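S.K.: For reference, the structure I am asking about is given below.
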Amino acid sequence: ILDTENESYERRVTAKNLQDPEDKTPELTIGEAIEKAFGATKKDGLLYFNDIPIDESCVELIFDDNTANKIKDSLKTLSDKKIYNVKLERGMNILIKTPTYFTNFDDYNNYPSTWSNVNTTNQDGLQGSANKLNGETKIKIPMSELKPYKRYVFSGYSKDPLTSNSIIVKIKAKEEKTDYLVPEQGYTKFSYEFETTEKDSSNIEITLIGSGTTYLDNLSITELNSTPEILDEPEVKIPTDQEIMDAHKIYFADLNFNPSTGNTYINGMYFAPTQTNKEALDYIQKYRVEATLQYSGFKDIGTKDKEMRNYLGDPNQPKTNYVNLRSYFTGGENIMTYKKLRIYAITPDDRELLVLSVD
Amino acid sequence: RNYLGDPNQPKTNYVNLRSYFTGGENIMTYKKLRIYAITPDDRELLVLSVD
Ligand SMILES: [Ca+2]
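Those protein sequences? They're chains A and B, same order as listed.
Letter by letter, the first sequence follows residues 518 to 876 in the UniProt record's numbering.
Letter by letter, the second sequence follows residues 826 to 876 in the UniProt record's numbering.
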């Protein structure tokens, strides 16, 4: 498969299966297969699609387990340790992802803005020139040349012929990731990852600071996948514990009178609606009450749901919370006024709050 | 509501002061009162004032 980040190409090519003598099919190394599978050209021994460099250095490569392990040991045996020189067997599942942004300091400059330190005067890099510049090279991308919610990889090659010193790599991205690189005599790939967000967030900034003379080439950036994220919402408005007790600050007790020694034994309750509490009287779902009955004392009487009757019985007045003390779990007895009583508002989350107390 | 309660008269705007968010109390006449017409676009306009 080819990535070629405007349209993909997939091909199929016959393998040899060395374990059969009667298969007189030709034998092909990987690199040989690629040039025929995509009509690629060899400008310098490197493979070029139309002008896009293609080999182990300039691109990213992706393998299946079998297809990778069958190279893992087929390389330590070969004379040349280049992958494109490994042959082809059946069932290899390969993938060639091309960089979206690439420079070898010889032919290719994808990057919109250029690096702060160039030094293209060289003959190293495994290819043409190489960035020497013992100093540091920054790079800034406006994030407008990037797919927003994706993660890319940053690949390239580094060597230090005196194998003494080393480099840092900062990536100002989703996160500010930190990174230290120890190059070697020969070149080595690094391929550090990072994530982008927000569709013109802060310009994404990659800085490379290294003390002592350093050598670079084939700096590739290339997409991998999408990353989910979350912005900013209107969330659960758990109102308070105070506005509850500010919603019930206005109440009225509906009373059923007794003709003999009239002491207005309670029939129920309300909680007055005004302009403000019409949100705060709504979160209270249950009502715990404990009262003082007639023939016995101060019993605990139920937590049944509210009733939502018309306030004061005035049909024009709206409907608001009614706590029918009559329907609670009394033994069947009335509830006097001017003696002890307490009503608890219990939020749905089992968090009781006192809201008034008869004293 | 029906204007003046006369069923032959048409239906026109009624502002039921009783159904408003009073604490449960009446509204006297010959003492201060003001009614605001609020257009749907949240643009209030005074339309009469008891004085
Ligand atoms: Ca190069």
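Beta carbons: idealized from backbone N, C-alpha and C, even for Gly.
#1: Compute the minimum distance between the beta carbon of A/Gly642 and the heavy atoms of ligand 1, and state whether it is under 7 Å.
#2: If we define contact as Cβ-Cβ less than 8 Å, is B/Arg843 a contact residue for chain A?
#3: Checking contacts by CB at 8 Å: is A/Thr837 closer than that to chain E?
#4: Can you tell me where the alpha helix (DSSP H) holding A/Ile852 begins and where it ends?
#5: Determine the chain B residues that contact A/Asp831 at a beta-carbon separation under 8 Å, and present them in chain order.
#6: Whole angstroms is fine: what's the gap from A/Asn794's alpha carbon to A/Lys766's?
#7: Does A/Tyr828 get closer than 8 Å to chain B when you measure Cβ to Cβ?
#8: Would you say A/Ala789 lies against chain B (beta-carbon separation less than 8 Å)?
#9: Are the segment 627-636 of chain A and the segment 648-660 of chain A touching, with three or more C-beta to C-beta distances below 8 Å?
#10: Nearest to A/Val875 by CA position, among A/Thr791, A/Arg859, A/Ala554 and A/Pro616, is which residue?
#11: Report the start-end ranges of each beta strand (DSSP E) in the segment 701-752 of chain A that is 3 residues or longer and not cut off at the edges.
#12: How would you call A/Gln536, buried or exposed, if buried means at least 16 neighbouring beta carbons within 10 angstroms?
#13: Run through the segment 521-609 of chain A for me and flag every whole beta strand (DSSP E) of 3 or more residues, listed as ranges in chain order.
#14: Give the straight-line distance between the Cα atoms of A/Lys553 and A/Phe566, rounded to the nearest whole angstrom.
#15: Please identify, using Cβ separations under 9 Å, the residues of the segment 673-689 of chain A that lie next to chain B, in order along the chain.
#16: I'd like to know whether the C-beta of A/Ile767 is nearer than 8 Å to at least one C-beta of chain B.
M.R.: To lay it out plainly:
#1: yes
#2: yes
#3: Structure shown: chain E not included; protein chains present are A and B.
#4: No alpha helix (DSSP H) contains A/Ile852, which DSSP labels as neither H nor E.
#5: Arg843 and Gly849
#6: 10 Å
#7: yes
#8: yes
#9: yes
#10: A/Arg859
#11: 709-712, 721-728 and 732-743
#12: exposed
#13: 577-580
#14: 11 Å
#15: none
#16: yes
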